[PDB]
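In what follows, a single structure is set out as structure tokens and then discussed.
Residue numbers (full-length UniProt numbering), protein chains in the order written: chain A, 294 to 520; chain B, 300 to 520.
Pasting the structure below:
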């Protein structure tokens, strides 16, 4: 009789719970998500000035690696100039006739080193430049990522707008879910008083059948002036 | 009016909870995506540490050549020195070689110093690959500390959406139950009506009697 009857307040009162619980659940998840959204926001501003100093110090590197190169040109110039003496040395050797012999050799020893020294310089040149090639390649890539930040801050600046709405639209959930509670409320008291009215009426009906049954008796008995 | 008013708030709720439910699911993407350009540095930077480990070496492979050059400079200096004794030997015809000798030595000296400078200058420089490996770990760290808050925003959003999904169903079930309300009330109102009629029938059936009793009371006094 009270089987499926009470079983209706189960539905709502029970469904109505989840409704008031998940309204707070994903109501604060929304708040952290907007401050956790700043976890990535500052990490984006610090990501900037920082990957920025990687472009920096990585930059003044290529320059220092130049302040060399023109020194290398010097060394090379020194070599070139020297390779020439070899000759003045050798000429002198000649003029000195028989004494030359020694002179002679040193001329060749000179020119020789000149060549070796020059050779050195080249190597360390093609190297010192070839290198800086890769320092600009990398300098570029790091440069470019650095910009993918100001964007991280525009994307996560929305997780702040969107989340900031759940916080005022999901807030309404209460304001609304509340007036709905008023209905599950009122709804119950009428799905209620009904059963009462039903009973009180079912009652009084039975009472009258009795009363009535009693007059029928009296008659049977005290009518006997008809017995 | 009110079962209407409530039913109005009802679907209005079904409203927010649809948008306010997946509007955030979009955010779960504006997040999954705010995590793609966060996964960029993850190489754009990672690679940068390779180059760093490169110059640091190559610019040493160089210093090695610089040494060789130094050695040469040395050697020519000795040569040059010897060249001057040779000039001294030749007595008079050495005068001109004597100058070559000197000229060659000076070249040797100059060649030296230049190397020394390269040296120093390389030291400072490659010593900076220090701050390179640093700012590359640091700038490479806020780049993983970026991908941290966005590991969550994709979470949180993908968590609330899967929650509000049923937010509906209940809001849905509730709505049905409270529908009858208005109906039920007429149901009751009707009952109340019968009751009044009952009352009244009885109200009068009684007097019908109480008054009969009244006649027999005097009419037998």
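Backbone N, C-alpha and C fix where the C-beta goes; we use that ideal spot for every residue, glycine too.
A distance of 7 Å or more separates the beta carbons of residue 417 of chain B and residue 371 of chain A.
Counting only Cβ-Cβ distances below 9 Å, residue 413 of chain B has contacts in chain A at 364, 365, 367, 368 and 371, in chain order. Residue 402 of chain B: member of the alpha helix (DSSP H) spanning 394-437, first to last residue.
Chain B has no Cβ within less than 7 Å of the Cβ of residue 446 of chain A. The beta-carbon distance between residue 462 of chain A and residue 319 of chain B, rounded to whole angstroms, is 5 Å. This is short enough to meet the 8 Å contact definition. Distance between residue 479 of chain A and residue 458 of chain B, taken at the CA atoms: about 34 Å.
Residue range 445-476 is occupied by the alpha helix (DSSP H) that includes residue 453 of chain B. Across the structure, residue 317 of chain B and residue 456 of chain B are spaced so that their CA atoms are roughly 14 Å apart. Residue 441 of chain B carries a coil assignment under DSSP once its states are collapsed to helix, strand and coil. The beta carbon of residue 519 of chain B does not come within 7 Å of any beta carbon belonging to chain A, so the residue lies off that interface. The three-state reading of DSSP puts residue 312 of chain B in helix, counting H, G and I together. When rounded, the separation of the alpha-carbon atoms in residue 334 of chain A and residue 470 of chain B is 36 Å. Residues of chain B with a Cβ closer than 7 Å to the Cβ of residue 295 of chain A do not exist, since the nearest Cβ in that chain sits about 17 Å away.
Within the model, the alpha-carbon separation for residue 369 of chain A versus residue 398 of chain B is close to 22 Å.
Listed by position along chain B, the residues whose Cβ is nearer than 8 Å to that of residue 515 of chain A form an empty set, because the closest Cβ is around 13 Å away.
Rounded to the nearest whole angstrom, the C-alpha separation of residue 466 of chain B and residue 433 of chain A is 50 Å.
When 7 Å is used as the limit between beta carbons, residue 427 of chain A is near these residues of chain B: 350 and 353, in chain order. Of all residues in the region 327-348 of chain B, only 329, 330, 332, 333, 336, 337, 339, 340, 343, 344, 346 and 347 come within less than 8 Å of chain A when Cβ atoms are compared, listed by chain position.
At a beta-carbon threshold of 7 Å, the residues of chain B lying near residue 479 of chain A are 480, ordered along the chain. Secondary structure of residue 332 of chain A (DSSP, three-state): helix. The Cβ atoms of residue 337 of chain B and residue 344 of chain A lie no closer than 7 Å to each other.
For the region 451-462 of chain B, the beta-carbon criterion of a distance under 8 Å to any beta-carbon of chain A is satisfied by 451, 452, 455, 456, 458, 459 and 462. Residues of chain A whose Cβ lies closer than 7 Å to the Cβ of residue 401 of chain B do not exist; the shortest such Cβ separation is about 10 Å. For residue 516 of chain A, no alpha helix (DSSP H) run applies, since DSSP gives it neither H nor E. Collapsing the DSSP output to three states places residue 295 of chain A in coil.
Taking one beta carbon from each stretch, the region 418-428 of chain B and the region 352-362 of chain A have 3 or more pairs nearer than 8 Å; the two touch.
Following the DSSP letters along the chain, one finds residue 370 of chain B inside the alpha helix (DSSP H) bounded by residues 337-388.
The alpha carbon of residue 339 of chain A has as its nearest neighbour, out of B:312, B:445 and B:472, the alpha carbon of B:445.
Between residue 452 of chain B and residue 323 of chain B, the gap from beta carbon to beta carbon reaches 7 Å or more. Cβ atoms of residue 395 of chain B and residue 383 of chain B stay farther apart than 8 Å, at about 12 Å. The residue among B:429, B:460, B:483 and B:486 with its C-alpha nearest the C-alpha of residue 347 of chain A is B:429. Taking 7 Å as the threshold, the shortest C-beta distance from residue 408 of chain B to chain A does not fall below it. Close CB contacts of residue 410 of chain A within its chain, under the 7 Å cut and outside five residues either way in sequence, are with 372 (chain order).
Cβ proximity to chain A below 9 Å picks out 306, 308, 309, 311, 312, 315, 316, 318, 319, 320, 322, 323, 325 and 326 from the region 306-328 of chain B.
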